[PDB]
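As structure tokens, the structure follows; a few thoughts come after it.
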Amino acid sequence: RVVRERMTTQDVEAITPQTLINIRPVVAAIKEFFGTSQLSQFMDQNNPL
Amino acid sequence: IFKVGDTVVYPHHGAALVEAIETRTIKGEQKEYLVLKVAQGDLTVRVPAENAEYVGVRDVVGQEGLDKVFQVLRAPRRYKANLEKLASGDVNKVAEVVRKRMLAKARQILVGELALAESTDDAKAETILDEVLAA
Amino acid sequence: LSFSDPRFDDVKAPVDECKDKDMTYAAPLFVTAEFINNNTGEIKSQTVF
């Protein structure tokens, strides 16, 4: 969504996909899933069983 | 200008080493797509050979062009048009810009123009541009 | 703008060392993101981290 709205604000035939791409929401989404979600439970190891 | 192994300078993305010509067709029309290995971050560009002179990607300048940017550097609104003066493509209009981020791009692309027209050992040759800064 | 070819390299740190030095076990992620301006047909392909 940010990419599609930012290509309008960028100029024409003078930009590159490296300038286009912002991986911050992807990595933020991964870390906010691994923390702060009850399906990413703390590992429970009293014994191998 | 558009052959195998040339050194053709894009007016915005810098100089690229063309490796090969491809006839990658657009609906049955085998357009002469020419590859471009610009060594900034290797954003590989396949441009048509016919539209290459449409967009104005040009060959490297010579020693006469080097002396032209030297004589522009000899004698040192305005700010909006001088940024647009980089977008002209003429090498005597790039050297008017160097005589704050816009000044950063103008100096580094002149040395890439300096060290490929003459092939004289690049960005350490930015110090050579510092020599002709006083001119 | 065209996305293609996801790619993984190997890991950045081994298991026990990652456990001891308090970080996350990880690996770098690479894709082949391509931007074309089809006003005249002008592709630009990178390998975006």
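Every residue in segment C:4-49 that is of a type outside the set (V, I, T) and either touching a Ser or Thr at 6+ places or on another chain (Cβ under 7 Å) or at the interface with another protein chain (Cβ under 7 Å from one of its Cβ atoms) (or both), please.
Taking segment C:4-49 first, the residues of a type outside the set (V, I, T) are C:4-10, C:12-14, C:16-23, C:25-30, C:33-35, C:37-39, C:41-42, C:44-46, C:49.
Within segment C:4-49, C:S4, C:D5, C:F30, C:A33, C:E34, C:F35, C:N37, C:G41, C:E42, C:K44, C:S45, C:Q46 meet the criteria.
Looking only at segment C:31-49, filter to residues that are in contact with an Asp or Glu (Cβ under 7 Å, 6 or more places away or on another chain) and over 17 Å from A:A14 (Cβ atoms); which one of those is surrounded by the most Cβ atoms within 10 Å (Cβ to Cβ)?
Among those residues, the one meeting the criterion is C:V31.
Restricting the search to segment B:2-16, which residues are within 13 Å of the chain's Cα centre (by Cα) and either closer than 17 Å to C:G41 by Cβ or surrounded by 15 or more Cβ atoms within 10 Å (Cβ to Cβ) (or both)?
Of the residues in segment B:2-16, the ones within 13 Å of the chain's Cα centre (by Cα) are B:7-16.
B:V8, B:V9, B:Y10, B:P11, B:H12, B:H13, B:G14, B:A15, B:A16, listed by residue number.
Report, by residue number, each residue of segment A:13-28 that is at the interface with another protein chain (Cβ under 7 Å from one of its Cβ atoms) and assigned to a loop (DSSP other than H, G, I, E, B). Let's see the steps before the verdict.
Step one: filter segment A:13-28 for residues at the interface with another protein chain (Cβ under 7 Å from one of its Cβ atoms), giving A:13-14, A:16-18, A:20-21.
Answer for segment A:13-28, where residues must be at the interface with another protein chain (Cβ under 7 Å from one of its Cβ atoms) and assigned to a loop (DSSP other than H, G, I, E, B): A:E13, A:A14, A:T16, A:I21.
A quick yes/no check of all residues on (1) more than 24 Å from B:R46 (Cβ to Cβ); (2) surrounded by 11 or more Cβ atoms within 10 Å (Cβ to Cβ):
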| residue | (1), (2) |
| --- | --- |
| A:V2 | yes, yes |
| A:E13 | no, yes |
| A:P17 | no, yes |
| A:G35 | yes, no |
| A:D44 | yes, no |
| A:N47 | yes, no |
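Could you tell me which of the residues B:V98, B:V91, B:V38 is touching a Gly at 6+ places or on another chain (Cβ under 9 Å), of a type outside the set (S, T, Y) and over 27 Å from C:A33 (Cβ atoms)? It would help to see each step written out before you state the result.
Values: B:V98 fails: touching a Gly at 6+ places or on another chain (Cβ under 9 Å); B:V38 fails: over 27 Å from C:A33 (Cβ atoms).
Checking each option against the conditions leaves just B:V91.
What helices (runs of 4 or more DSSP H) completely inside segment B:17-135 contain at least 2 residues that are surrounded by 14 or more Cβ atoms within 10 Å (Cβ to Cβ) and of a type in the set (D, E, K, R)? Please lay out each step first, then the result.
Working: elements: B:49-55, B:63-74, B:78-86, B:91-94, B:101-117, B:126-131.
Those helices (runs of 4 or more DSSP H) span B:101-117.
Every residue, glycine as well, gets a Cβ built from its backbone with ideal geometry; the counts of neighbours run over all protein chains shown. FYI, it's all coordinate maths here, none of it is from the lab.
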